[PDB]
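As structure tokens, one chain now follows by itself in the form deposited in one PDB entry.
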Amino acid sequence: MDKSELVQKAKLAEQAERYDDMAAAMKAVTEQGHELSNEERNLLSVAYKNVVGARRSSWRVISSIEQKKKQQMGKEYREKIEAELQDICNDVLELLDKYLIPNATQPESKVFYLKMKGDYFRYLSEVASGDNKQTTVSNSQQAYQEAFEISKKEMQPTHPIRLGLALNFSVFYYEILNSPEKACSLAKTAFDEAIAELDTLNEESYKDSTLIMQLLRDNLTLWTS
């Protein structure tokens, strides 16, 4: 099991649409304890995004339907999906805490993995109750904030990762904390700082930075009303 072998496996898995495999491959790769390359890193993240992304979508479907006598079936099912979603997120957080974040040597990746830790705790927050929920919401924000402090020290305002952090962190406020004024504030700031440094935009990724900028604008102009 070369690292090269595992990566081909994952690239195939991806091609085949078996994302539990693609994730298991990258989780294997990650457990060899070397800093992931950018590509290695980007697969793990895509793999896991699709894995959990299917339970999130499924959960929503089952919760939409729940909102129609012996409905304790919707509930017993929801909780199965939820239990499963919690295990995927704990995988990724164990990985982030044990390997990705400590093995991270450089701004671009330190932020990326802290954003991801924010994401996954946010995902847990969607299905969490009581004490658990307060701990989740709070570790989500705490990870988002640490990535942002570092992105502000170390990256252009136009950096896709940094823009992508602002985007996710803004939604964290809107959807999870239910603080829209803050979601907007956090987003106008991130937008305005990017549109100031327009000369910094590199043609070499201009379309990505400008993509996420339009995403940011989207949410604002929706969110104002």
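Only residues modelled in both forms are compared. C-alpha atoms forming the largest set that superposes within 1.5 Å between two forms make up the rigid core. The first residue of the sequence shown is number 1, and the count goes up from there.
One more form of this protein, deposited in another entry, exists but is not displayed; see below.
Engineer: Among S57, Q32, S37, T200, whose C-alpha is off by 2 Å or more between the shown form and the other one on a rigid-core fit?
Structural biologist: If I go through the list carefully, the shifting residue is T200.
Engineer: Quick check: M22 between the shown form and the other one - does its CA shift reach 2 Å or more after fitting the rigid core?
Structural biologist: No, the C-alpha position differs by under 2 Å between the shown form and the other one.
Engineer: Core-aligned, C-alpha shift of at least 2 Å, runs of at least 3 residues: can you list them between the shown form and the other one?
Structural biologist: When the rigid core is held fixed, residues 199 to 225 make up the only run that shifts.
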